[PDB]
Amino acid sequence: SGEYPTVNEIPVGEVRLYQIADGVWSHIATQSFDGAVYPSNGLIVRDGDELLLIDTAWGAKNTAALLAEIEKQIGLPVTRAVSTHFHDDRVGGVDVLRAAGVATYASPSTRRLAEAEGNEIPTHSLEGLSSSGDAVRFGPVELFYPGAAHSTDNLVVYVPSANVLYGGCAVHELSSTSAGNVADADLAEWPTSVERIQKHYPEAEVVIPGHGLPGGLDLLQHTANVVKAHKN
């Protein structure tokens, strides 16, 4: 009823949307992984009379439910999707999107890692993002590669019309006490990559983590703090 959704409002298989700003929503879903249940976020950005989707809802059935929820709540077609790294919470559901006519995109780094891992593979490669600090436009957003952090391929997304920074899994929520799933992370480089985000997007007003509650710019420093403490 208006607060940011959590698993206690989200059975696995259901999707909720949350209005972030004019023409910007997050999507929230829950999934089971290794015997525990987790929430995860993605983004939806209005692109004229179409929608740009950032990240799947972590699974085929969740992503089908996401498309149905978008039709119910927004009613504009999702035409393109970008996955911000190669893990299942970002690409799991790409096959569903592709069969629903959505054009799916990711960096070549993400595509190679997804393929090697056996995860679903976005169709189209996003060039121009291979060096840290790189940025490219994609419809109503800017895609930015900050360097290795949560994963070597992680991208962040900025919505300039609303000063919304979608950090994906390189950014953690304020209540977090650990750095999440670090199996593919670079804990030593992560703070430097976060510093690059801070320098590039100093006017961000909303910061959205890959998992958990949005907040403000403090999520960036908090993420560096939790990562440094995990490393140590």
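Basically, rigid core = biggest C-alpha set you can superpose within 1.5 Å across the two forms. Numbers follow the displayed sequence, beginning with 1.
Taken in 9 other deposited structures of this protein and fitted on the core, 221-229 and 3-11 differ in how far their Cα atoms move from the shown form, and the one that moves more is 3-11. Of the two segments, 178-186 and 199-207, the one listed with the higher mean B-factor is 178-186 (C-alpha atoms only).
Between 188-196 and 33-41, it is 188-196 that carries the larger average Cα temperature factor according to the deposited entry.
Taking only the listed residues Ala116, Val82, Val141, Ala135, the entry reports the highest CA temperature factor at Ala116. Considering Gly128, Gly93, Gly75, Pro146 together, the PDB entry gives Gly75 the largest C-alpha B factor. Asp55 sits in the lowest third of its chain by CA B factor, as recorded in the PDB entry. Looking at the C-alpha B-factors along this chain, the one for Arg98 belongs to the highest third. Placement of the Cα temperature factor of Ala224 within the chain: highest third of the modelled residues, per the deposited record.
The entry lists a Cα temperature factor for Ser161 that places it in the highest third of the chain's modelled residues. In this PDB entry, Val15 carries a Cα temperature factor that places it within the middle third of its chain's modelled residues.
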